[PDB]
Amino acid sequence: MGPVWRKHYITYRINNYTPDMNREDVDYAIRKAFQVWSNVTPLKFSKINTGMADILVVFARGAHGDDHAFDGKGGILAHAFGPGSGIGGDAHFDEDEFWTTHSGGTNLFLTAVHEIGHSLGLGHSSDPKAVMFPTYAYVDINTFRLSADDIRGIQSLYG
C-alpha cells in the first residue's frame, strides 16, 4: 500500500562518496543492492552520472537539509524517501557510520538493500530474517537472500 514508481525503468545517481570505502566499492555495493530487487520484479535500474536520476544516493551528516536529521554514530543508519519526484526516492546514508564491504562497521550493501526497499515503496517486515526488518543485522553477503516476505512485499507493488 506504499507509494510506487509508475514506470519500470528507474535511474540512480551516486551524489557523493563516503571516505570510509573506495569509490569502486561504493559503486559495487549499490549496484548489487539494486540487483537484489531487480531479480524479483520487472524493475530495471541504470546508474547515471549526468542527468536527472530518480533515486539519488547521498552520504550526509546530522541535519542535512530534510526532515530526517541523523544522530551521529549508531542509532539511525540511513533513511529513504518513497517514490516521488525530487527528493522522492532518494536514499540518504549517515556519514557518521563507518561504511564497509564486510562485517565490520555498517555493511553498505545490506543497508542499501533495505533503503532501496523503502525507495521502491516497501514498509517494514515482522520477519526477523527479512531485509525489511526494522533493525540492521549483518549476514554473510555471499549467502544473502531476500526472505519470502520481502519477495511477497515487492512483488505486490510491482508486476
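Just count from 1 along the sequence shown to find any residue number.
Trainee: Quick one: higher average CA temperature factor, 63-71 or 88-96?
Mentor: If you average the C-alpha B-factors of 88-96 and of 63-71, the larger mean comes out for 63-71.
Trainee: Using the B-factors recorded in the PDB entry, average over the C-alpha atoms of 117-125 and of 97-105, then report which stretch comes out higher.
Mentor: Per the deposited B-factors, the answer is 97-105.
Trainee: Among the candidates 35, 46, 41, 49, give the one with the maximum CA B-factor reported in the record.
Mentor: Each of 35, 46, 41, 49 was compared by C-alpha B-factor; the highest is 49.
Trainee: I'd like to know which of 12, 144, 17, 9 has the highest C-alpha temperature factor in the PDB entry.
Mentor: Out of 12, 144, 17, 9, the record gives the largest C-alpha B-factor to 144.
Trainee: How does the C-alpha B factor of residue 130 compare with the rest of the chain: lowest, middle or highest third?
Mentor: Tercile = highest for this residue's CA B-factor.
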